[PDB]
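*Asks:* Residue numbers (PDB author numbering), protein chains in the order written: chain C, 21 to 351; chain B, 21 to 351. Take a look at the following structure, please.
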Ligand SMILES: N[C@@H](Cc1c[nH]c2ccccc12)C(=O)O
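In structure tokens, the structure reads:
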């Protein structure tokens, strides 16, 4: 617990295996060697789900359950609800003056999201400026370390430019955050697509039963040109093997399987059955905790209402120095 | 009283003659005909003076002074410092999700301000976004009536739209404000321009001495082509006549000079000399009232502090409604 680390998820659905490999495992490690803050960004979730406020509200507790199921320790990690800390909103408006529409339009990750969203020019204001509200999140909690995939770096770098702009303009009162680069490639979906997502219908939820997990793995995309076991098959592009590199505890088995698969005679069945065994080993403890916490709804609520109290107090302090530094009337 | 009315100014310096005919005397009278709220747009002032925070801080008290000297009574008007009502920033963020960047791009007023400031695509986000920040000001205070210059209509109309969209998506807890059009269009500068402002240096501040007011009138743009008295003059484009038209109580008397001046025996000096006194007359009491308060600074502070508390009270009430209407986790 030395550097304060900030991470988070906009609450829009249940977490899945992609989040586990992409951010959860690394977060369970961080809680023991840093002070970890996780933001349930329901406000940010609203920049594009403003038409589905029920969906957002219900997922705040569902993702919290997922964090805990994942292994995030209520006595180690501060879980906070963005909605319950208005200090963030207050800070993002001040931050809006430190950035240009021009530079906001150049952000490559938002540009790509809008592209995939098909918005066109009909981009909702809140979404267009969300990178700043995130900057507000980082500075307010006073995080100095932010886990990031290269897809979020422009979010992070802008944060850096903003804090830098704020300190030089008013007074050097905000910490400059540093990135904790990557998590190695993103977990592809069950049918082989680049992205794993509920929406795309190719995911395995952390909450999926051991049976379901087995079924989902069975119908996984493999190798279009591999038609029967005797045939040789390709590893690259084949998610069954991409899943194995991200969860299989022993690469010896992994590399061995890869061998015999390019050879021939090793059907998808024997490989997949082995995937099932490795996934059930990573997931079983996550399923037990999740079921346990289900019996203890009060324990999950305590997890968030308390992280929130802490988060509120921290953000409140920062705004105090921000207000004074900005020379705001009465400070 | 009856309706709630929201009016305000961006604290950037002393108020002048344009605010007077522009609204100050208007609110002086709607001050007992309704519940009048006057917002010192502290934050909105930063989307333009984010690099000169000191300038803003200093003018909150100076404009409040201006307010009081203009005739506003502490017992009937709620003076509110924007920055001290964080609830407004909270509501602004939520409103941002209700409008598109392309819609903000077609606001004629902001577009003109932007071209004048030479920002180009390098427009500060906070500024490009100020119209909705204003809609939040309106919606948070429950304002049903908003006096508006011909010029501020786009903004007023965007407010109703957003309020409307907010009510349909979430719940009908916000009121659509209605406009109060004025007669005297934007009082022009001494310059002969369309705008009077301390920035353009063509303004007669409410604090200027009988000597100054007289000196400013004498250097006031009139009519080229009219070189000597004798000659015939014309009222179109002459700030002095559009000054008499907004500050002179005897229209029969005005339309009088309008005759003679088109003929040729009314020297611009004579027009001026008259008008200068019609201004000292409208200004005389304002000057004495200012001295009183200038000698009771404690009272100006009071006006601001008490009002700001009252207004936050009001904002807090509406936000509670908004927060529950949006189904934000926990409400
Ligand atoms: N996926 C979200 C996660 C998030 C929300 N707010 C944050 C603040 C800091 C770090 C991450 C976040 C994002 O793109 O940002």
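C-beta atoms are modelled at their ideal positions from N, C-alpha and C, and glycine is treated no differently.
List, in order along the chain, the chain C residues whose C-beta lies closer than 7 Å to that of residue 1 (chain B)?
*Replies:* The requested residue 1 (chain B) is not part of the displayed model; chain B covers only 21 to 351.
*Asks:* Could you give the C-beta distance for residue 223 (chain B) and residue 36 (chain B), rounded to a whole number, given that I count them as a contact under 8 Å?
*Replies:* Indeed they touch by this definition, with Cβ atoms about 4 Å apart.
*Asks:* Relative to ligand 1, is the shortest distance from any of its heavy atoms to the C-beta of residue 61 (chain C) smaller than 7 Å?
*Replies:* Indeed, a heavy atom of ligand 1 lies less than 7 Å from the Cβ.
*Asks:* Using beta carbons (cut-off 8 Å, strictly below), is residue 109 (chain C) in contact with chain B?
*Replies:* True, the Cβ-Cβ gap to chain B drops below 8 Å.
*Asks:* Measure the beta-carbon distance from residue 278 (chain C) to residue 238 (chain C) and round it to whole angstroms, keeping in mind my assumption that it falls under 8 Å.
*Replies:* Not confirmed; about 20 Å, so no contact.
*Asks:* What is the DSSP secondary structure of residue 330 (chain B), counted as helix, strand or coil?
*Replies:* Helix.
*Asks:* Given that a residue counts as buried once 16 or more other Cβ atoms are within 10 Å of its Cβ, and exposed if not, what is residue 207 (chain B)?
*Replies:* Flag for residue 207 (chain B) reads buried.
*Asks:* Is residue 216 (chain C) near ligand 1 - that is, is its Cβ less than 7 Å away from at least one heavy atom of it?
*Replies:* No, ligand 1 has no heavy atom inside 7 Å of this Cβ.
*Asks:* Which residue's Cα is closest to the Cα of residue 372 (chain C): C:290, C:148, C:185 and C:247?
*Replies:* This structure leaves residue 372 (chain C) out entirely; chain C is present only between 21 and 351.
*Asks:* Measuring alpha carbon to alpha carbon, tell me which of B:344, B:259 and B:226 ends up nearest residue 308 (chain B).
*Replies:* It is B:226 whose Cα lies nearest to the Cα of residue 308 (chain B).
*Asks:* What residues in the segment 140 to 172 of chain B bring their beta carbon closer than 9 Å to a beta carbon of chain C?
*Replies:* The residues in question are 140, 141, 142, 143, 144, 145, 146, 147, 148, 149, 152 and 153.
*Asks:* Beta carbon of residue 126 (chain C), beta carbon of residue 151 (chain C): below 8 Å?
*Replies:* No.
*Asks:* Examine chain B for any beta-carbon lying closer than 8 Å to the beta-carbon of residue 73 (chain C), and answer yes or no.
*Replies:* True, the Cβ-Cβ gap to chain B drops below 8 Å.
*Asks:* Check the C-beta distance from residue 212 (chain B) over to residue 252 (chain B) and give it rounded, since I have them as a contact under 8 Å.
*Replies:* 19 Å between Cβ atoms; not a contact.
*Asks:* Quick one: grab the DSSP three-state call for residue 169 (chain B).
*Replies:* Looking at residue 169 (chain B) - three-state DSSP - the assignment turns out to be coil, as it is neither helix nor strand.
*Asks:* Would you say residue 166 (chain C) and residue 158 (chain C) are within 8 Å of each other, going by their C-beta atoms?
*Replies:* Against a cut-off of 8 Å, the Cβ pair of residue 158 (chain C) and residue 166 (chain C) comes out as a contact.
*Asks:* What does DSSP give as the partner residues of residue 113 (chain B) in its beta bridges?
*Replies:* BP columns for residue 113 (chain B) are empty, so no partner.
*Asks:* Mind listing the chain B neighbours of residue 77 (chain C)? Cutoff is C-beta to C-beta under 8 Å, in chain order.
*Replies:* Chain B residues near residue 77 (chain C): 347, 348 and 349.
*Asks:* Report yes or no: is there a C-beta of chain C within less than 8 Å of the C-beta of residue 261 (chain B)?
*Replies:* Chain C, which has no Cβ nearer than 8 Å to the Cβ of residue 261 (chain B), makes this no.
*Asks:* In this structure, does DSSP put residue 161 (chain B) in helix, strand or coil?
*Replies:* Here residue 161 (chain B) sits in coil by DSSP.
*Asks:* Please look up how many angstroms separate the CB atoms of residue 204 (chain B) and residue 266 (chain B), rounded, as I've assumed it's under 8 Å.
*Replies:* Sure, about 4 Å apart at Cβ, within 8 Å.
*Asks:* Let me make sure I understand the geometry here. Which of B:92, B:71, B:31 and B:47 has the alpha-carbon closest to that of residue 306 (chain B)?
*Replies:* Nearest option by C-alpha distance: B:92.
*Asks:* What in chain B is Cβ-close to residue 318 (chain C), meaning under 8 Å?
*Replies:* In chain order: nothing, as chain B lies at least about 15 Å away.
*Asks:* List the endpoints of the continuous alpha helix (DSSP H) containing residue 67 (chain B).
*Replies:* Unbroken alpha helix (DSSP H) run through residue 67 (chain B): 62 to 69.
*Asks:* Cβ-heavy atom distance between residue 27 (chain C) and ligand 1 below 7 Å?
*Replies:* Indeed, a heavy atom of ligand 1 lies less than 7 Å from the Cβ.
*Asks:* Give the straight-line distance between the Cα atoms of residue 162 (chain B) and residue 49 (chain C), rounded to the nearest whole angstrom.
*Replies:* Whole-angstrom Cα-Cα distance: 49 Å.
*Asks:* Is there at least one Cβ from chain C nearer than 8 Å to residue 217 (chain B)'s Cβ?
*Replies:* Cβ-Cβ to chain C under 8 Å: no for residue 217 (chain B).
*Asks:* Using only the alpha-carbon positions, how far apart do residue 181 (chain B) and residue 187 (chain B) sit?
*Replies:* Each residue's Cα considered, the two are about 10 Å apart.
*Asks:* By the criterion of Cβ-Cβ separation under 9 Å, what are the contact partners of residue 189 (chain B) in chain C?
*Replies:* In chain order: 70, 71 and 73.
*Asks:* Flag this pair as touching only if the segment 96 to 108 of chain C and the segment 324 to 338 of chain C have three or more C-beta atom pairs under 8 Å; answer yes or no.
*Replies:* Short answer: they touch.
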